[PDB]
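For reference, the structure discussed in these notes is given below.
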Amino acid sequence: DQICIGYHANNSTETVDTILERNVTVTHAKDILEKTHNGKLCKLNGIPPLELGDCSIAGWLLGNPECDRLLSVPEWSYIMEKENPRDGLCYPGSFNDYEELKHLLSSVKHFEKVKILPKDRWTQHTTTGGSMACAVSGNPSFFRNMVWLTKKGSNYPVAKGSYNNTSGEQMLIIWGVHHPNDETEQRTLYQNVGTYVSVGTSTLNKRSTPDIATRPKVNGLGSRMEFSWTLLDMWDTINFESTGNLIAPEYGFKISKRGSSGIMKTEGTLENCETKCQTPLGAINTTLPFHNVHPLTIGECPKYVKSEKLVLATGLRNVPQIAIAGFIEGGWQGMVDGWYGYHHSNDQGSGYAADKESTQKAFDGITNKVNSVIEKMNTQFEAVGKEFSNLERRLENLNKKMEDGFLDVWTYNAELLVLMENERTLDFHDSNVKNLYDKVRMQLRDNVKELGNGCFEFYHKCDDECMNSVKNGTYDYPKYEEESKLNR
Amino acid sequence: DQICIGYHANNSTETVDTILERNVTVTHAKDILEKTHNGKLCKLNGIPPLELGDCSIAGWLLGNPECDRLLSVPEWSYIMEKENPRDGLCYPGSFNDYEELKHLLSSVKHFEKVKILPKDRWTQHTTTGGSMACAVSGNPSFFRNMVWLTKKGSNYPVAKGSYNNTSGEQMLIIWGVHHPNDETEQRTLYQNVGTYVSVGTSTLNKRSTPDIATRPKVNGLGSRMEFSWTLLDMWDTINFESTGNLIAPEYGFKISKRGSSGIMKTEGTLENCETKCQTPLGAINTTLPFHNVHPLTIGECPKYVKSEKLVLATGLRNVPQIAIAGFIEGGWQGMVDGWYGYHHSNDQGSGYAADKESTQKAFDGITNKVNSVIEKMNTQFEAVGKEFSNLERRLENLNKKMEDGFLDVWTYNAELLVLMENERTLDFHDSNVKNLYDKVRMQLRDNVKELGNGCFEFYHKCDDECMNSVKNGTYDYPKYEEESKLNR
Amino acid sequence: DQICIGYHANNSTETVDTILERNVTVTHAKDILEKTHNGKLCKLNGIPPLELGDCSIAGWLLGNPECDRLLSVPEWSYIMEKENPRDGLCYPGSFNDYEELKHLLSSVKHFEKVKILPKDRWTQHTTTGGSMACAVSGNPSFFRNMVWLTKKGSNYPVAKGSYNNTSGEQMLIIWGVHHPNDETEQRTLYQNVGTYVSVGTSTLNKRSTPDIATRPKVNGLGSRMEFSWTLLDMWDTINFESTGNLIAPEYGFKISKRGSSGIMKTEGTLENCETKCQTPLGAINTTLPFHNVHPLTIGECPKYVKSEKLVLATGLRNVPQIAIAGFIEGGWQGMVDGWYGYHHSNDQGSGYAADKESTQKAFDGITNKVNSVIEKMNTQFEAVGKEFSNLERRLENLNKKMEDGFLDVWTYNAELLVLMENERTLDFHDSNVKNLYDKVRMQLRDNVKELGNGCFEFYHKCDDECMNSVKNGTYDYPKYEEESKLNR
Ligand SMILES: *[C@@H]1O[C@H](CO)[C@@H](O)[C@H](O)[C@H]1NC(C)=O
Ligand SMILES: *[C@@H]1O[C@H](CO)[C@@H](O)[C@H](O)[C@H]1NC(C)=O
Ligand SMILES: *[C@@H]1O[C@H](CO)[C@@H](O)[C@H](O)[C@H]1NC(C)=O
Ligand SMILES: *[C@@H]1O[C@H](CO)[C@@H](O)[C@H](O)[C@H]1NC(C)=O
Ligand SMILES: *[C@@H]1O[C@H](CO)[C@@H](O)[C@H](O)[C@H]1NC(C)=O
Ligand SMILES: *[C@@H]1O[C@H](CO)[C@@H](O)[C@H](O)[C@H]1NC(C)=O
Ligand SMILES: *[C@@H]1O[C@H](CO)[C@@H](O)[C@H](O)[C@H]1NC(C)=O
Ligand SMILES: *[C@@H]1O[C@H](CO)[C@@H](O)[C@H](O)[C@H]1NC(C)=O
Ligand SMILES: *[C@@H]1O[C@H](CO)[C@@H](O)[C@H](O)[C@H]1NC(C)=O
């Protein structure tokens, strides 16, 4: 009569890496890294994005004639923009604090256009000026949301205009200053030399003077237009005054909604979907702590790591080979009912089994360790990504270094944690079998002999009741002791 | 006669968490996280703070008439400032590079005030200007550290003034420029149109021109005052020149004491206690390495972590179940001297005893582990807190991201380290008791029988000396060899 | 006959550290921290650095007459600059966006000077101006790369000049503006009052006006010169227009070679040596994953840490004390050909031995462990170092805190890794010894007699062949069953 102690084997081919060994085959393993996406630009939480197309943010806000589909935009989840958009400032020039405006737009999620300075209030000036650089069907035209003020007859009176913010929320207002190319242009347009543009609010006070100089021709013109912006608080007034060279606004943008959005640089087009995490390469759907798709993401994206594989072992070391022997020379292939167990062979018959308590304890411990690895990762809405001008390179380098350093730290953490946990799991699984063997030996004592392969041979003829007794942990030594002596 | 080996149990209810199990009761534990404070603001290292009250930094430095209690301030340890102070710039305007000034103030103490340009030197101008914005007792007044120069009679000559820094340290100087509301006011005050203000040092060169424009009324006025500041090096000269619109300084601030300080944003007052660490919610008096009261802190203080429980296990599991059995069926409450020990039952009596060597070894190891975890964290004077303007949102976001990332990293590190160390300790203890059992078994050999519960049964008569020898490592096996053979 | 199981010992003094113990003497160790340099400034990958001597970047680019040895420089790997260079701006003044220019130079490895505006083209002005501040041999002189335009006769016509970038790469152009002291100087030099300097490209539009004011004398002059720089893209035109106070450029710097570089702040001199990693104190020659020489490296260098000692244990603990005993009493000094082995004393002499499979497995495990710890850290060209102005203190503090936090995190990670792995390996060796002893005991069974010191005493007479069979896992129990049963 024999009883053996051993573990379970199967036909798995998964491998994990420990700190002491490489490419160790295991019976059960879990991949905790997702590497797949659907390659589609999709709607986030049921709200479609704002597809700018070939239009920049400045072109959309200023009302470029080639972005006329954006004159009334609904609520959006994020903004899709191209790397080098073609339809921006049709009239050459510059935009002050452009990156700050984009950062502000990264948390807006909806706008409302309000007419604040109607084009017909300027009864002493000409408000029908246009340039060929913003042409529409071969005729001169200008930005849709702005007004160009020009002399009426041969006079340019002082132009004054004010607006009191009764809309109900904060407002964004954009104005501009025109820089001519020569004195003749200035005289033709405004009749005066030495002009100014003054803008004033409760917390803003700005005065500007045009610069007249010859410049290289961009879009055919040597002139430039410089645009500025401000945020008007509730129940506040904005004042305008100019003796020339003022591109006054006609509309203001009220911030209706507010939340978590972003500007993502892609060249794609929207297609029907419904997602939660969006990447400039596609959409994601998983539950694992890490991925390796793209650093700059938007949504419920778990964590970006610079690693190609992260597999956690939750099963046995797969040694296939097994007068059935025990755990000295490998596991068993026919015991598909659990992790650890016993094998008995008496006159009635042979058969496998499983130790329920030890298997359940190991299962609970392994599951708790896996859930501790996965569950302790703090996740928040991080629409990372910022833009800097060409006069701010130290800031850009600082941001890049910060992101790369954090990425390296988390990659190192993931790798070392996975390796160390794999080694402890594989050691603990063998310690459990050793403890089972030790407990059986201690509760059996001298009525049995050891064959050295993990099995015990019985001096006393053991029936299935005795097998259940030893497996159950209730063995009465002073019953067969007298009988076991005689045959020993 | 019997000897048994087992561990020690008590009535503790403390609970620790491991990477494999939750809610595990232990005999001893150590808390390394501070979660309490005083609720009070008081002195740091014997030096009281500077309580601004309803005053701002600019209001204190410029001499707001409502802040006259701060005309002479002794040495301070830190500055207490409200979130939205009421008494700042009584005359509406702006302050250039305000946040840089606050950052400089985060490392300065005392600020001895010296008179650089006496008010009576301006013999060719009028120095008694005032406004109803800064009104005392119903009469017009002005800032106490500045001079408002106006026309004497009907003339405003060129105003010139210089100072040489022969004080002994760096000096902070503030000057302003007036922006009127209309040309009539400019003519009434300064009699000229087309004025300028020029300030120059060996490293500075600034020229300003007034701006005349209608503006929304703040504090009843449509005019503004713009202030700028500079740091004057030792043995350096500052030159002033103005045809009009100059607010000259009368006093300069000398940096007397330099050190580690900060600005605390609180709405509370100062009470009479003393501490070596201060948080906006209260003071921390502790020696523990961590705390979770508040991120922003001033003084030498423990690190901050976003956790609610950090407990180190320093003792065995509390399994209280107890012919007395051994370690296999749980611990003993009869052991009141050590962690691992013995129990003997001879014919002269019985009782409990402790093994001093193993207990001392395990105690030293656990103390080393605790001190290694605690002492491998470096803390210094960390003044978390900085101010940013409206047009610096990207920098504020960068600062917030950096702080949050580092705090998250350290919280993760502390939690995982505590979990792993707790699991290691719980395995250390049972390894130690098993080692003691195996040592005694090897020393005793075939003179005894193993009962399967951690107890031995002797084949001879173990008196007090015999049992003491077993407890000492000096068991003389050959003495009782032949005797034990007969009984077997 | 008698066979014992033990481990190897020697006369090593090296001590490693664990989390439970300190100063543990081990047989073999491995230091993964580098602490030595050569105290020399050397050539990086065979390319010598650019030695500025006592000059600054501004003095070299502007053409300081005291920096005439740098009028034509070859390729370089990095730039060596003093903390406080003596020869910078000989004429007192400032330099707009100086730190940005230095950061740009941190990624440029060569320049090619191109003559864009020849000095003889100004046929309507005088181009022979100089000052005694930039004096050569007692005569007035000026910057070598700049032209000082001055009235010819009694006239200063409008000065116009343009350049089209057909060189083949981006070009760096520097111009300047002169600020006189009094009006008499302005009339003497330029004949006009109310002048302007206009500079314009496709993306740049700048206009400046001279400031005339009395200022403290620096280098004997109250006048100043303000310098600005720009980057001209390929096939782009720059325009200069001025009615006075223009310091025109004569040369343009074309970016010939690009790469990863930096600026080293040192007071030393280049020596005749090569290197691959360079620190301000000296070069580093190592193949290790850590160092503590200097953080401001330039090149492919190991990671910096504030650790003073990082030693991994690769061998066994040193317990040097041993008829012959086994592994309980201590280590063996005689055994030299392995880690775990035997000792046999039969009738044909005596001697030690060394198990092969166990030593091979342990050696492979430790090798994989050290390789995993070392080859997990990413090292690339990370030449660090940035400059900030006196009005950018918040940015400087931000950068410093970022670097300090990252380095503290990495130091913690390295220390924890080494401290935990040392415990793991020191327990691994003991487990291996015990497993070998248990395997021998299990395959020997009842024919032997354990003595409690790690040694098995035989019953039947066993020759060298039988012991060799025992050591090779082929001992036949049935062969000696009859003889063993008799003596037992
Ligand atoms: C492990 O297996 C992979 C293939 O699955 C192979 O690329 C790699 O080199 C192997 N590593 C070792 C150490 O054998
Ligand atoms: C702007 O409108 C609000 C509400 O209608 C009013 O209280 C406020 O006085 C107005 N502003 C001015 C400058 O009149
Ligand atoms: C006991 O553990 C469970 C998780 O298994 C946890 O939810 C519970 O809070 C713990 N008990 C206490 C008192 O916290
Ligand atoms: C300022 O005073 C110091 C001595 O206190 C003197 O050396 C220096 O020349 C003075 N400054 C000027 C501009 O004269
Ligand atoms: C027990 O060991 C101690 C060791 O200090 C020794 O002094 C004492 O004599 C020993 N007693 C016996 C009975 O062996
Ligand atoms: C370990 O050795 C170092 C010097 O090698 C010494 O400074 C330290 O105090 C020692 N520690 C202990 C616990 O002996
Ligand atoms: C500059 O040179 C390029 C190439 O020769 C030419 O295409 C371009 O038109 C030139 N610029 C101007 C303004 O003529
Ligand atoms: C650097 O170290 C290597 C050993 O790996 C040695 O061969 C070489 O000569 C050393 N070079 C210098 C410059 O010290
Ligand atoms: C082990 O060595 C013995 C010599 O005693 C030899 O007879 C046997 O074949 C060897 N076995 C193996 C597997 O090398």
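Labeling convention for the structure tokens: chains A, B, ... as they appear, residues from 1 per chain, ligands from 1 in order of appearance.
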- [ ] Determine, counting only C-alpha atoms, which protein, DNA and RNA residues have an atom within 6 Å of an atom of stretch 237-248 of chain B; residues of the same chain fewer than 3 positions away are not included. Present the result as a list in words.
- [x] residues 146, 147, 148, 158, 159, 160, 161, 162, 163, 164, 175, 176, 177, 178, 190, 195, 196, 197, 198, 199, 200 and 201 of chain B
Restricted to C-alpha atoms, what would the selected residues look like written as a short mmCIF file (atom, residue, chain, number, x, y, z; two decimals), in the first residue's frame?
```cif
data_model
loop_
_atom_site.label_atom_id
_atom_site.label_comp_id
_atom_site.auth_asym_id
_atom_site.auth_seq_id
_atom_site.Cartn_x
_atom_site.Cartn_y
_atom_site.Cartn_z
CA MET B 146 5.92 106.76 -1.19
CA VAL B 147 5.85 110.39 -2.35
CA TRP B 148 3.43 111.73 -4.98
CA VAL B 158 12.92 117.78 -14.23
CA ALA B 159 12.92 115.72 -11.03
CA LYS B 160 16.28 114.10 -10.29
CA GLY B 161 17.36 111.92 -7.39
CA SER B 162 20.04 109.34 -6.64
CA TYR B 163 21.10 107.04 -3.82
CA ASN B 164 24.29 105.08 -3.12
CA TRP B 175 8.68 102.96 -7.46
CA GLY B 176 5.46 103.67 -9.33
CA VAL B 177 4.11 105.33 -12.46
CA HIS B 178 0.75 107.12 -12.66
CA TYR B 190 1.88 117.77 -14.04
CA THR B 195 6.17 112.86 -19.94
CA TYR B 196 8.43 109.96 -19.00
CA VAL B 197 9.88 108.14 -16.00
CA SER B 198 13.44 106.81 -16.14
CA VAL B 199 15.10 104.52 -13.59
CA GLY B 200 18.66 103.27 -13.94
CA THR B 201 21.29 101.26 -12.08
#
```
- [ ] Output the contact residues of chain B with respect to chain A at a cut-off of 6 Å, based on only C-alpha atoms, as a ChimeraX atom specification.
- [x] /B:19-20,215-216,452
- [ ] Mind listing the helix (DSSP H, G or I) residues of stretch 452-484 of chain C, per DSSP on the backbone, as a VMD selection string?
- [x] chain C and resid 464 to 471 478 to 484
Let me see the file: selected residues, N, CA, C and O atoms, as a PDB file, in the first residue's frame.
```pdb
ATOM      1  N   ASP C 464      35.689   3.514  -1.638  1.00  0.00           N
ATOM      2  CA  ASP C 464      35.598   4.760  -2.390  1.00  0.00           C
ATOM      3  C   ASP C 464      34.546   4.679  -3.489  1.00  0.00           C
ATOM      4  O   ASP C 464      33.885   5.681  -3.784  1.00  0.00           O
ATOM      5  N   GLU C 465      34.382   3.507  -4.107  1.00  0.00           N
ATOM      6  CA  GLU C 465      33.392   3.365  -5.170  1.00  0.00           C
ATOM      7  C   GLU C 465      31.976   3.580  -4.647  1.00  0.00           C
ATOM      8  O   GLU C 465      31.155   4.233  -5.303  1.00  0.00           O
ATOM      9  N   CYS C 466      31.671   3.038  -3.467  1.00  0.00           N
ATOM     10  CA  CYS C 466      30.341   3.214  -2.894  1.00  0.00           C
ATOM     11  C   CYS C 466      30.068   4.676  -2.563  1.00  0.00           C
ATOM     12  O   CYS C 466      28.961   5.175  -2.796  1.00  0.00           O
ATOM     13  N   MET C 467      31.063   5.382  -2.026  1.00  0.00           N
ATOM     14  CA  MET C 467      30.869   6.796  -1.726  1.00  0.00           C
ATOM     15  C   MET C 467      30.715   7.611  -3.002  1.00  0.00           C
ATOM     16  O   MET C 467      29.926   8.563  -3.046  1.00  0.00           O
ATOM     17  N   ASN C 468      31.454   7.249  -4.052  1.00  0.00           N
ATOM     18  CA  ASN C 468      31.275   7.914  -5.339  1.00  0.00           C
ATOM     19  C   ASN C 468      29.869   7.687  -5.875  1.00  0.00           C
ATOM     20  O   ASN C 468      29.259   8.598  -6.448  1.00  0.00           O
ATOM     21  N   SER C 469      29.341   6.474  -5.704  1.00  0.00           N
ATOM     22  CA  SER C 469      27.963   6.202  -6.100  1.00  0.00           C
ATOM     23  C   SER C 469      26.985   7.041  -5.288  1.00  0.00           C
ATOM     24  O   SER C 469      25.987   7.537  -5.824  1.00  0.00           O
ATOM     25  N   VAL C 470      27.251   7.197  -3.991  1.00  0.00           N
ATOM     26  CA  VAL C 470      26.387   8.016  -3.142  1.00  0.00           C
ATOM     27  C   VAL C 470      26.368   9.456  -3.639  1.00  0.00           C
ATOM     28  O   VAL C 470      25.307  10.080  -3.751  1.00  0.00           O
ATOM     29  N   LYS C 471      27.544   9.999  -3.959  1.00  0.00           N
ATOM     30  CA  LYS C 471      27.630  11.390  -4.386  1.00  0.00           C
ATOM     31  C   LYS C 471      26.971  11.637  -5.736  1.00  0.00           C
ATOM     32  O   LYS C 471      26.606  12.779  -6.031  1.00  0.00           O
ATOM     33  N   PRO C 478      19.060  -1.871  -2.032  1.00  0.00           N
ATOM     34  CA  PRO C 478      19.000  -3.334  -1.870  1.00  0.00           C
ATOM     35  C   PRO C 478      20.357  -4.004  -1.731  1.00  0.00           C
ATOM     36  O   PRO C 478      20.457  -5.035  -1.053  1.00  0.00           O
ATOM     37  N   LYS C 479      21.403  -3.457  -2.354  1.00  0.00           N
ATOM     38  CA  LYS C 479      22.694  -4.138  -2.372  1.00  0.00           C
ATOM     39  C   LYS C 479      23.260  -4.303  -0.969  1.00  0.00           C
ATOM     40  O   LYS C 479      23.830  -5.351  -0.640  1.00  0.00           O
ATOM     41  N   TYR C 480      23.117  -3.285  -0.125  1.00  0.00           N
ATOM     42  CA  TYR C 480      23.640  -3.321   1.232  1.00  0.00           C
ATOM     43  C   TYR C 480      22.554  -3.533   2.276  1.00  0.00           C
ATOM     44  O   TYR C 480      22.809  -3.335   3.468  1.00  0.00           O
ATOM     45  N   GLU C 481      21.349  -3.927   1.859  1.00  0.00           N
ATOM     46  CA  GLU C 481      20.267  -4.141   2.815  1.00  0.00           C
ATOM     47  C   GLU C 481      20.608  -5.247   3.805  1.00  0.00           C
ATOM     48  O   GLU C 481      20.388  -5.099   5.012  1.00  0.00           O
ATOM     49  N   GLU C 482      21.151  -6.364   3.313  1.00  0.00           N
ATOM     50  CA  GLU C 482      21.437  -7.499   4.186  1.00  0.00           C
ATOM     51  C   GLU C 482      22.514  -7.156   5.207  1.00  0.00           C
ATOM     52  O   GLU C 482      22.354  -7.420   6.405  1.00  0.00           O
ATOM     53  N   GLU C 483      23.621  -6.568   4.753  1.00  0.00           N
ATOM     54  CA  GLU C 483      24.695  -6.213   5.673  1.00  0.00           C
ATOM     55  C   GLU C 483      24.248  -5.145   6.661  1.00  0.00           C
ATOM     56  O   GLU C 483      24.581  -5.215   7.849  1.00  0.00           O
ATOM     57  N   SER C 484      23.495  -4.148   6.191  1.00  0.00           N
ATOM     58  CA  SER C 484      23.047  -3.082   7.081  1.00  0.00           C
ATOM     59  C   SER C 484      22.070  -3.605   8.125  1.00  0.00           C
ATOM     60  O   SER C 484      22.105  -3.176   9.284  1.00  0.00           O
TER      61      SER C 484
END
```
Open item on the list: What residues of the protein or nucleic acid chains come within 10 Å of ligand 3 when you use only C-alpha atoms and all ligand atoms? Reply as number ranges by chain.
Closed with: A: 368; B: 15, 17, 21-24
- [ ] Show which residues sit within 7 Å of residue C:141, as a list in words. Count only C-alpha atoms, and ignore same-chain residues fewer than 4 positions away.
- [x]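 Neighbouring residues, sequence-local ones excluded: residues 130, 131, 132, 134, 135 and 136 of chain C.
Counting only C-alpha atoms, the residue from C:487, C:228, C:167, C:345 that sits nearest to residue C:325 is C:345.
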TODO: as number ranges by chain, please: all residues of stretch 215-463 of chain C that backbone DSSP puts in strand (DSSP E or B).
DONE: C: 218, 221, 224-232, 237-242, 246-249, 251-258, 263-265, 270-275, 277-278, 283-284, 290-291, 298-300, 303-304, 311-313, 317, 332, 340-344, 351-352, 381, 448-450, 455-458
Task: Test item: residues at most 10 Å from residue B:352, only C-alpha atoms, excluding those fewer than 4 positions along its chain, as a PyMOL selection string - done: chain B and resi 4+332+334-337+341-345
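Distance annotation: of A:220, A:319, A:416, A:327, the residue with the minimal separation from ligand 7 is A:220; atom set is only C-alpha atoms and all ligand atoms.
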Task: Nearby residues (only C-alpha atoms) at most 12 Å from residue A:434, same-chain spacing under 4 positions excluded, as an MDAnalysis selection string - done: (chainID A and resid 5:7 326:328 340:341 358 427:430 438:441 454) or (chainID C and resid 435)
TODO: Do a neighbour search on stretch 292-306 of chain A at 8 Å with only C-alpha atoms, toss out local chain neighbours closer than 2 positions, and write the hits as a VMD selection string.
DONE: chain A and resid 33 to 37 44 261 to 262 276 to 281 284 287 to 290 308 379 to 385 407 to 408 410 to 411
- [ ] Provide the atom 3 (C, counted along the ligand's line) of ligand 2 to atom CA of residue A:166 distance in Å, to one decimal place.
- [x] 6.5 Å
TODO: One decimal, Å: what's the distance from atom CA of residue A:154 over to atom CA of residue A:186, could you say?
DONE: 12.7 Å
With a distance cut-off of 10 Å and only C-alpha atoms, select the neighbouring residues of residue C:272, excluding the residue or stretch itself and same-chain residues fewer than 5 positions from it, and output the selection as an mmCIF file with N, CA and C atoms, in the first residue's frame.
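selection-v7.cif, written as the output of this step:
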```cif
data_model
loop_
_atom_site.group_PDB
_atom_site.id
_atom_site.type_symbol
_atom_site.label_atom_id
_atom_site.label_comp_id
_atom_site.auth_asym_id
_atom_site.auth_seq_id
_atom_site.Cartn_x
_atom_site.Cartn_y
_atom_site.Cartn_z
ATOM 1 N N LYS C 40 40.872 65.047 -14.343
ATOM 2 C CA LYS C 40 41.312 65.696 -15.567
ATOM 3 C C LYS C 40 40.120 65.957 -16.476
ATOM 4 N N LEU C 41 40.222 67.024 -17.261
ATOM 5 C CA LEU C 41 39.241 67.351 -18.285
ATOM 6 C C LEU C 41 39.779 66.857 -19.620
ATOM 7 N N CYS C 42 39.047 65.953 -20.258
ATOM 8 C CA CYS C 42 39.563 65.186 -21.382
ATOM 9 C C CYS C 42 38.682 65.364 -22.615
ATOM 10 N N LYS C 43 39.053 64.655 -23.679
ATOM 11 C CA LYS C 43 38.346 64.698 -24.951
ATOM 12 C C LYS C 43 37.276 63.620 -25.005
ATOM 13 N N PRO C 48 38.137 67.205 -29.096
ATOM 14 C CA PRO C 48 38.439 68.071 -27.961
ATOM 15 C C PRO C 48 37.318 69.065 -27.718
#
```
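Counting only C-alpha atoms and all ligand atoms and comparing B:1, B:233, B:226, B:185, the residue that lies closest to ligand 4 is B:233.
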Task: Protein and nucleic acid residues within 7 Å of ligand 8 (only C-alpha atoms and all ligand atoms) as a ChimeraX atom specification - done: /C:273-275,285-286
File dump, residues just selected, N, CA and C atoms, as a PDB file, in the first residue's frame:
```
ATOM      1  N   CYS C 273      43.952  63.507 -22.868  1.00  0.00           N
ATOM      2  CA  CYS C 273      43.335  62.245 -22.487  1.00  0.00           C
ATOM      3  C   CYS C 273      42.015  62.099 -23.227  1.00  0.00           C
ATOM      4  N   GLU C 274      41.602  60.851 -23.420  1.00  0.00           N
ATOM      5  CA  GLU C 274      40.300  60.550 -23.989  1.00  0.00           C
ATOM      6  C   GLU C 274      39.383  60.013 -22.899  1.00  0.00           C
ATOM      7  N   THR C 275      38.084  60.037 -23.178  1.00  0.00           N
ATOM      8  CA  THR C 275      37.081  59.549 -22.241  1.00  0.00           C
ATOM      9  C   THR C 275      35.799  59.264 -23.010  1.00  0.00           C
ATOM     10  N   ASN C 285      35.730  56.074 -15.785  1.00  0.00           N
ATOM     11  CA  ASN C 285      36.034  54.891 -16.591  1.00  0.00           C
ATOM     12  C   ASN C 285      35.496  53.673 -15.846  1.00  0.00           C
ATOM     13  N   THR C 286      34.280  53.251 -16.182  1.00  0.00           N
ATOM     14  CA  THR C 286      33.599  52.232 -15.399  1.00  0.00           C
ATOM     15  C   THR C 286      32.641  51.446 -16.283  1.00  0.00           C
TER      16      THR C 286
END
```
